[PDB]
Structures are given as structure tokens and as C-alpha cells.
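Given as C-alpha cells, the chain that follows is alone and in the form deposited in one PDB entry.
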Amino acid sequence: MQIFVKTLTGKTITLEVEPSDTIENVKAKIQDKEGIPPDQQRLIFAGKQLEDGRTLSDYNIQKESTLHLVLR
């Protein structure tokens, strides 16, 4: 599954993931791409705040879905 993560500046990160990847796994991948620490990352998909220990398929994230890094 290819997904897109937009940073707070709107830069697109493209990631290759599996349905069972956790959000914590996705935060690690974002750290590798952009140097953003996982504990500073907050992700949203379709208005939903994404929890570290749940999976992409738990949130119905699919091929070409876009997630956003946001502020609290």
C-alpha cells in the first residue's frame, strides 16, 4: 500500500506500508524521511486522530490515502 503523509509545511512524504503496519511504524518511517521525532508527530486521517498502537487497516487507510501531520 502506498500512502502519502503531508508535513506541516505541506511537503509530501510517500511511504510504502502494509495494512497491518501500526501508526508507530509509520512515525518511524517519517522520522527516517524527514528527521521529525516520533514524539513530536501527531497524525490525522479523514479527521481521525491516529493512535500509535493501532494499524492502518484499523482506520480504513487504503492505497493513495493521505495522512497529515498536525499540531496539538
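Don't overthink the numbering: it's just position in the shown sequence, from 1. The term rigid core refers to the most C-alpha atoms you can superpose between the two forms while keeping them within 1.5 Å.
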Quiz item: How do 19 to 27 and 5 to 13 compare in 6 other deposited structures of this protein: which one has C-alphas farther from this form after the rigid core is matched?
Solution: 5 to 13
Quiz item: Between 60 to 68 and 15 to 23, which has the higher average C-alpha B-factor in the PDB entry?
Solution: 60 to 68
Practice problem: Quick one: classify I36 as lowest, middle or highest third of the chain based on its Cα B-factor. | Solution: middle
Quiz item: Of the three thirds of its chain by CA temperature factor, lowest, middle or highest, which one includes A46?
Solution: highest
Practice problem: Within this chain's modelled residues, let me know which third the CA B factor of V5 belongs to: lowest, middle or highest. | Solution: lowest
